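Below is one structure, written out as structure tokens; comments come after it.
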Amino acid sequence: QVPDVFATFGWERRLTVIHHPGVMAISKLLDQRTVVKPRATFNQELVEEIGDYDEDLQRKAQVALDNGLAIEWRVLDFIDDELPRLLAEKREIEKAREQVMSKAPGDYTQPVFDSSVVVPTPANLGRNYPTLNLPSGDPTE
Amino acid sequence: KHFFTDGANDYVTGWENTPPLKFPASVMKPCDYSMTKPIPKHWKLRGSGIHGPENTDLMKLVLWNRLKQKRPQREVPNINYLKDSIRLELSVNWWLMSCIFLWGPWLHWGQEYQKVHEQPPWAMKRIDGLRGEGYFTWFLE
Amino acid sequence: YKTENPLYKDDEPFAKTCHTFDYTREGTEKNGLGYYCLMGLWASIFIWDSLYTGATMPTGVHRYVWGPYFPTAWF
Amino acid sequence: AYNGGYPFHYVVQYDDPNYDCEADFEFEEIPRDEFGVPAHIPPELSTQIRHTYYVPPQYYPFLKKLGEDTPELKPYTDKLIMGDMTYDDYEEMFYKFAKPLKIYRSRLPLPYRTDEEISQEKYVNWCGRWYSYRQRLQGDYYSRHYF
Amino acid sequence: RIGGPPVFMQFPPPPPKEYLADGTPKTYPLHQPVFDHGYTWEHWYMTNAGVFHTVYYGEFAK
Amino acid sequence: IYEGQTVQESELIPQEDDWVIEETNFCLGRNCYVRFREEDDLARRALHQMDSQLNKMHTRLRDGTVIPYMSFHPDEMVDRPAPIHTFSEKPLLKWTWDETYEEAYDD
Amino acid sequence: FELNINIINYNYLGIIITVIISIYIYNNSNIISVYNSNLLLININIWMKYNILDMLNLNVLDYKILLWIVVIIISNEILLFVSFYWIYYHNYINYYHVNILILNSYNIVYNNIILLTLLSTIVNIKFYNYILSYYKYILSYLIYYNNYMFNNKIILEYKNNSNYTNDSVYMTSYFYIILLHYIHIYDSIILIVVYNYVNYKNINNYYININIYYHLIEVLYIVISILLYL
Amino acid sequence: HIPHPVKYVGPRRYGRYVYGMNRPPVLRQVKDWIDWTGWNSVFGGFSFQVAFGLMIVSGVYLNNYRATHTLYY
Amino acid sequence: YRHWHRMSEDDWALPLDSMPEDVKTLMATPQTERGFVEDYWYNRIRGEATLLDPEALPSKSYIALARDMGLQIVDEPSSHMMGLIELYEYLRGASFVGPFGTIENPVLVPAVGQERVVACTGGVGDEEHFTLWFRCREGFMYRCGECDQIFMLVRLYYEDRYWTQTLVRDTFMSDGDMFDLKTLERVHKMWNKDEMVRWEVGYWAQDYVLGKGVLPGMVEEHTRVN
Ligand SMILES: CCCCCCCCCCCCCCCCCC(=O)OC[C@H](COP(=O)([O-])OCC(O)COP(=O)([O-])OC[C@@H](COC(=O)CCCCCCCCCCCCCCCCC)OC(=O)CCCCCCCCCCCCCCCCC)OC(=O)CCCCCCCCCCCCCCCCC
Ligand SMILES: CCCCCCCCCCCCCCCCCC(=O)OC[C@H](COP(=O)([O-])OCC(O)COP(=O)([O-])OC[C@@H](COC(=O)CCCCCCCCCCCCCCCCC)OC(=O)CCCCCCCCCCCCCCCCC)OC(=O)CCCCCCCCCCCCCCCCC
Ligand SMILES: CCCCCCCCCCCCCCCCCC(=O)OC[C@H](COP(=O)([O-])OCC(O)COP(=O)([O-])OC[C@@H](COC(=O)CCCCCCCCCCCCCCCCC)OC(=O)CCCCCCCCCCCCCCCCC)OC(=O)CCCCCCCCCCCCCCCCC
Ligand SMILES: CCCCCCCC/C=C/CCCCCCCC(=O)OC[C@H](COP(=O)(O)OCCN)OC(=O)CCCCCCC/C=C/CCCCCCCC
Ligand SMILES: CCCCCCCC/C=C/CCCCCCCC(=O)OC[C@H](COP(=O)(O)OCCN)OC(=O)CCCCCCC/C=C/CCCCCCCC
Ligand SMILES: CCCCCCCC/C=C/CCCCCCCC(=O)OC[C@H](COP(=O)(O)OCCN)OC(=O)CCCCCCC/C=C/CCCCCCCC
Ligand SMILES: CCCCCCCCCCCCCCCC(=O)OC[C@H](COP(=O)(O)O)OC(=O)CCCCCCCCCCCCCCC
Ligand SMILES: [Zn+2]
């Protein structure tokens, strides 16, 4: 049985509605921007258009497309180094999805997978990526 | 558009009378209960019956109009909208071009002709002995 | 997957409700042929008045192949 | 469809942790969007790219439980588990399960009226109808007389 | 809006009543004089009191 | 044009043969200038004035319902004399229509 | 809950401003008038401060109320010019055959039209940036340069004109119509000197007001140019 | 307002600028730009000056040349 | 509602600088004793502590889950009060149109005070008459003298207070088991390690529990120039 809950929005001017408690839990979970992360999936046509604005991203985006990776943009800037982990991450996520989906109803046991390669997770919280927004070339050449 | 209108060009609050067409009717629909079938006599009025947030569609309209104000990315309009937004700006710019490249040349030509022939090239020459340039806009004579 | 560039998408339609906005039958969206005919007439009158100054003072001698009550005479 | 497509509020991210858009007057940093798209990728291109929410796999058992307890919610939870839920899919889920508040007339205290008075309701309605009947007829009578 | 000007507030109780030393209640200025003269007529007029009611308004000579 | 409410014949049939139109007096009473007490100070005279408002009066019918003081315009709805702040709560103009929605009912 | 409107109970600028107006009548020296005008400018600024502080009420109708007020003001400005055009054209039958030199139709009209068109383009770019939540520093200084040239040209024209206000009703109407336009150009300087970027953006009545007002001044000059120069 | 599609039918992207290589002729580029930003602004902006210029300069023939050759006295 | 202005930044979330510095007492304060800012952070700290512990969510009941996030379970009493609040708020800047009022179903006129001005416009079509204004006072079943429409005043009153969202929560929500600071620490170490802080509210909250400026980088975080 799922009880109904009051959901309120706004700080000084507050609007209240009835909502699903599970939906609200998902809503607040997706607000944890550091934990739940949006990831980008490319297609060949879009990758080509990227080159019109950033040649380096086009090459890195092509690598992600060729491996069918859903990748965060910040990670994409380091896809040259992160590729072996990203491929391992892709397999582990797929394994977890298969196990949970295939489990019988009422079976809420955690999936068995290698969390050390999945980011962000408690086992691996990610790397401190340095900013790449610095120039390397000499204007007079 | 420049001018603010509560009904259509309401950029101060962003209120919209109807939800986006993207949502399925099941998720959200315009607030229209004009077609409601007759109420059975054995049904009893529990709520006020007053038009307001007790109706599901109006509640969802109010909720969406507040929660739409934060979005991850821009909702890109089509080029027709973008043209209309700066219609006056673009047209004034072309008017400036017309003044420089159309009006200027023939106005300069008329003054040079006037120097030699005492009257603009688009005017009948006088025989009455009066001196001076005379009229400029011939069709208003 | 396949996508459409938002810049070249079509305008969204007005919602169909009890209160539906409809400009389709108004004929106010753009200037029509009648407007451009008025412009053509204005150019013609402007040119004509300058070219033929005596048009406003026409001749009074009347000569009709089939008399004055024949249609071609009237025009 | 409001404010020309510009949201009133949106998230901006910076690569340098110590960056301040108000203190610094440098010209190399490029701000990112909520999904992480760098600013020099125009929205008409980035909006076409499909972004999906990825939750840590430890949340899958919980998302499964939500779907089973509420079957109407299952298709949205499945999309989230499979990494196929975009922002639009989340919005559809959010507004689909929003319900309006209920007012119960049975809980309203009533103005005090004695039992004897409550039995005279039909009589008072009867008097009101006769007043209207008399009113409407008199209008015709007076209109004829004075005009 | 939380913290905004309330749409309704109850009146605070009136200040304490004042009595003279002997106990007589203190009176305050009142511009409703009792004119002195021998006339005692009382005129009454049926007055509109809305759309469905009237009031019998009386004017007293005093 | 307005010509009163429409009436059906069945609505005029009485439930008793002795029914006649109720003779309730709609004259609110005898009034004059509001007469204050010399003992009342400024605050208590204000209370006195607030208790003499004709627009707060009504006539109770035989079924317990009351027909209040009514006016064509809202100028007669504020306290007399007009207070500094009149319509703290927005007056409601009640419109009627035949539209209804299912959420309001329960089976 | 809260009241729909946060009432304003007391105000004292009205007395000060009204007294400042009276000082103009009761002056015994034109120097007092100059300093009195500064007081009027100061107190009007305070009134504008109150309007900005009213934003704290978060009232949706405040923007609409001020916008429609400006529309009414714009109409009054148009009708004021209409009266001058009315005055000019009433004596039309007495023009063009009196021994006075009317203005040339080649030099003044063209450069002024070009100059004022640039002013419109600058303001249009300001509006576009305001739409895009963006700013360009140089734009304001282009307006000042534009206004500097306009002042320099008009000053020379009046000084070098060989006919005077008392020569004919034609000359009076020419000078007066041109001055009335200048005063409205100067009023634009008064407004534009404070242009800045405010982070509450499209709920700021100043931006829409400036765009409307600058457009009005420029269109009025087109009517003036057709009436007098062409 | 009548909803209607975007009439622009020219190329949507020329590709990344690489020292101005593999780009259309200049005149074609000007035509594409006006198509992209709308011909309605061009016609509206130029309409007033074209009308005034034609009327004034037409007098060279209508008012000056014709009058000299057409004066019955 | 249409008469509200744009959402503020605070309408979405509050800045961490508004977090009470005495977190230990904040998590022990009863709900009736928590202010708006204190209540906001109590729910966010406790709500995010449960949501950021995936392994425990599936075994947690909806009642417990709703309590942790600070969401109120709906019941007929609370639903009734909230519904009338929203109706009152909506009518502040919206028209008042509904079914014709009768003795069985009087027109409901919400009010905070004992009185509210109302107008009767009769029925639909020909039955509509000119506006008849009257003062709707509590405790009387009002009957329009022209159309015989029945009106009644509904007061949003409760125990010397008028109905508000916070009042409804305090009256009906019941505080559960006292929040355990061990859960805060346990979740803190889960998502915050070796200079990576993916659970920042807990990082600040844990720092306040340990005093202030104990965890790495928090002294630099709390030092301000103006
Ligand atoms: C021959 C060559 C030479 C030619 C020279 C020409 C000289 C012209 C001089 C003009 C001077 C400048 C004036 C305008 C300055 C601002 C320009 C500007 O910003 O334009 C772009 C901009 C475009 O707006 P947008 O929203 O981006 O539109 C996008 C699209 O265009 C699409 O927009 P949309 O169609 O979707 O609609 C949205 C927009 C559309 O509106 C506009 O865009 C307006 C554009 C107007 C441009 C000017 C054209 C000329 C107008 C002539 C009007 C004549 C009136 C009748 C006179 C009768 C005389 C006997 O609506 C608004 O903005 C609403 C504005 C408020 C209107 C208030 C009107 C009040 C008066 C009503 C009539 C009163 C009389 C009633 C009589 C009957 C009684 C029973 O315009 C505005 O936003 C301006 C609005 C604010 C200023 C309004 C001023 C109103 C003055 C009323 C005077 C009433 C006097 C009545 C008594 C008179 C007799 C005694
Ligand atoms: C065998 C013998 C053979 C003989 C052969 C002879 C051959 C003869 C050939 C004759 C040819 C005649 C052709 C006639 C047919 C014409 C068909 C046609 O196309 O008509 C339509 C055509 C264009 O109309 P349309 O189709 O509606 O326009 C389309 C638009 O795109 C509509 O789109 P939209 O509405 O979106 O347009 C943009 C609109 C969008 O609107 C908005 O964005 C919304 C806001 C609008 C309201 C704006 C409020 C104010 C704005 C403030 C900003 C101002 C900035 C400037 C400030 C200046 C400061 C100084 O915004 C604007 O347009 C306005 C803003 C732009 C700047 C405005 C500048 C000021 C304008 C007012 C003053 C004008 C006078 C200036 C005078 C000079 C300076 C003093 O009309 C004309 O061109 C007029 C007809 C002219 C006929 C002249 C006839 C006489 C001359 C004959 C010459 C040849 C004779 C030679 C001798 C021959 C002897 C034999
Ligand atoms: C080998 C060198 C050859 C040089 C050839 C000459 C080139 C001179 C170009 C001058 C263009 C001035 C345009 C003024 C309008 C406002 C421009 C603007 O928006 O600036 C924004 C710009 C940055 O604004 P922002 O807000 O930071 O950024 C806004 C945007 O986001 C970002 O803005 P943005 O970056 O997109 O800005 C684009 C552009 C937008 O404007 C344009 O692109 C317009 C271009 C128009 C070309 C005009 C050429 C005039 C030449 C006439 C010569 C006639 C000779 C006659 C001989 C007669 C013989 C008998 O603005 C500029 O680039 C403005 C000029 C920047 C220079 C600032 C440093 C001081 C002046 C240095 C002058 C050096 C001259 C060297 C000459 C050497 C010759 C061998 O503003 C400034 O830099 C600050 C104010 C200063 C700018 C104006 C400086 C005027 C200098 C005039 C020099 C020519 C004098 C000729 C006298 C002839 C007497 C007979
Ligand atoms: C194989 C076929 C090739 C055909 C090539 C055809 C080439 C035709 C070139 C025509 C050039 C005409 C130039 C006219 C410039 C006049 C400039 C002028 O008068 O400047 C002065 C004036 C300001 O002077 P004031 O003293 O202030 O007086 C007026 C206000 N009081 O300034 C202006 O007019 C500025 C505007 C400049 C206009 C420039 C026009 C250029 C036209 C080029 C046309 C090219 C056509 C090419 C066709 C190619 C076909 C294959
Ligand atoms: C003699 C002819 C006339 C000249 C003499 C002086 C006349 C003075 C009359 C001035 C009338 C002013 C009416 C203003 C109405 C519109 C107000 C308005 O919208 O202001 C707000 C608007 C936007 O504010 P927000 O906070 O974003 O939003 C507001 C709330 N939503 O702000 C502004 O308009 C900013 C204005 C800044 C410039 C102020 C300059 C004041 C100039 C006064 C001139 C006095 C000169 C006196 C000379 C006397 C001797 C000749
Ligand atoms: C196509 C674009 C242009 C459209 C122009 C529209 C013009 C509209 C005019 C409206 C007012 C009409 C008034 C009736 C016409 C009277 C004309 C007339 O008699 O003129 C002479 C007469 C003087 O003669 P007497 O007094 O007998 O002796 C004088 C001896 N010194 O003059 C007048 O009285 C006329 C003065 C009024 C006309 C000028 C001012 C009013 C017009 C303002 C126009 C404003 C801009 C356009 C607004 C409309 C825009 C859509
Ligand atoms: C207050 C003062 C205002 C200023 C003064 C205005 C006065 C005039 C105002 C008129 C209305 C202006 C707007 C018109 C809009 C328009 O064009 O409107 C265009 C409409 C057609 O509409 P659509 O094409 O949009 O459907 O045209 C018409 O309805 C009439 C004009 C068409 C041509 C008429 C032909 C006339 C014939 C005359 C005889 C010629 C003889 C030739 C012999 C060889
Ligand atoms: Zn009634």
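Residue numbers start from 1 in every chain, and the chains themselves are labelled A, B, ... in the order their sequence lines are given, proteins ahead of strands. Values reported hereafter were calculated over all heavy atoms of this structure, with side chains retained and with hydrogens, waters and symmetry mates removed.
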- Bottom line for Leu65(I): the part with an atom under 4.5 Å from chain D's heavy atoms is side chain

- Donor on one side chain, acceptor on other, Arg6(I) and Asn3(D), under 3.5 Å: no

- Tell me, yes or no, whether the heavy-atom count around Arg134(D) atom CZ, taken from other residues, nucleotides or ligands under 6.0 Å, exceeds 12. no

- Message: Whether the side chain of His9(D) engages the backbone of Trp12(I) through a donor-acceptor N/O pair (distance < 3.5 Å, no angle test) should be reported.
- Response: no

- Item | Interface moiety of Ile103(I) toward chain D, non-hydrogen atoms closer than 4.5 Å | side chain

- Between atom CG of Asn125(D) and atom CD1 of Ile150(I), what is the distance when rounded to the nearest 0.5 Å? 7.0 Å

- Query: Under 6.0 Å from the CD atom of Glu55(I), do we count more than 12 heavy atoms belonging to anything else shown?
  - Reply: no

- Contacting region of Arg155(I) [heavy-atom separation from chain D under 4.5 Å]: neither

- Query: Is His80(I) close to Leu108(D) at the side-chain level, that is, under 4.5 Å between some pair of heavy atoms?
  - Reply: yes

- Is the count of non-hydrogen atoms from other residues, nucleotides or ligands lying under 6.0 Å from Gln114(I) atom CD greater than 12? yes

- Message: Tell me whether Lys96(D) at atom NZ has more than 12 heavy atoms from other residues, nucleotides or ligands lying less than 6.0 Å away.
- Response: yes

- Message: Quick check against the 3.5 Å criterion: does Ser79(I) have a side-chain atom that pairs as donor or acceptor with the backbone of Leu101(D)?
- Response: no

- Has the side chain of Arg105(D) got a donor or acceptor atom that lies under 3.5 Å from a matching backbone atom of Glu104(I)? no

- Message: If you count heavy-atom pairs within less than 4.5 Å of chain I, which of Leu66(D), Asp69(D), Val55(D) leads?
- Response: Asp69(D)

- Answer with side chain, backbone, both or neither: which region of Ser78(I) has an atom nearer than 4.5 Å to a non-hydrogen atom of chain D? neither

- Message: Under 4.5 Å from any heavy atom of chain D, what part of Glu76(I) do you find: side chain, backbone, both or neither?
- Response: both

- Query: What residue in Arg143(I), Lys60(I), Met81(I) has the most heavy-atom pairs under 4.5 Å with chain D?
  - Reply: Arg143(I)

- Message: If you count heavy-atom pairs within less than 4.5 Å of chain D, which of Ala56(I), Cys147(I), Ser8(I) leads?
- Response: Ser8(I)

- Message: Using heavy-atom distances under 4.5 Å, tell me whether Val124(D) contacts chain I through its side chain, its backbone, both, or neither.
- Response: both

- State whether a side-chain donor-acceptor pair under 3.5 Å links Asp148(I) with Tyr131(D). no

- Item | Interchain contact, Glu138(I) with chain D, by part (heavy-atom threshold 4.5 Å) | neither

- Closest non-hydrogen atom pair, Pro58(I) against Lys65(D): O-NZ, 2.6 Å

- When rounded to the nearest 0.5 angstrom, what is the spacing between CZ in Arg107(D) and CG in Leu84(I)? 10.5 Å

- chain I contact via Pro100(D) - side chain, backbone, both or neither, heavy atoms under 4.5 Å: neither

- Query: Just wondering, more than 12 heavy atoms not from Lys122(D) lying within 6.0 Å of its NZ?
  - Reply: no

- Query: Checking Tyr59(D) against chain I: side chain, backbone, both or neither under 4.5 Å from a heavy atom?
  - Reply: both

- Note on the structure: Most contact-rich option vs chain D, by heavy-atom pairs under 4.5 angstrom, among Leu87(I), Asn105(I), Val74(I), is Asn105(I)

- Would you mind reporting whether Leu51(I) and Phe62(D) have side-chain heavy atoms less than 4.5 Å apart? no

- Item | Proximal component of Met82(I), with respect to chain D [non-hydrogen, under 4.5 Å] | both

- Note on the structure: Contact list (residues 10-40 of chain D to chain I, heavy-atom gap under 4.5 Å, by number) returns none

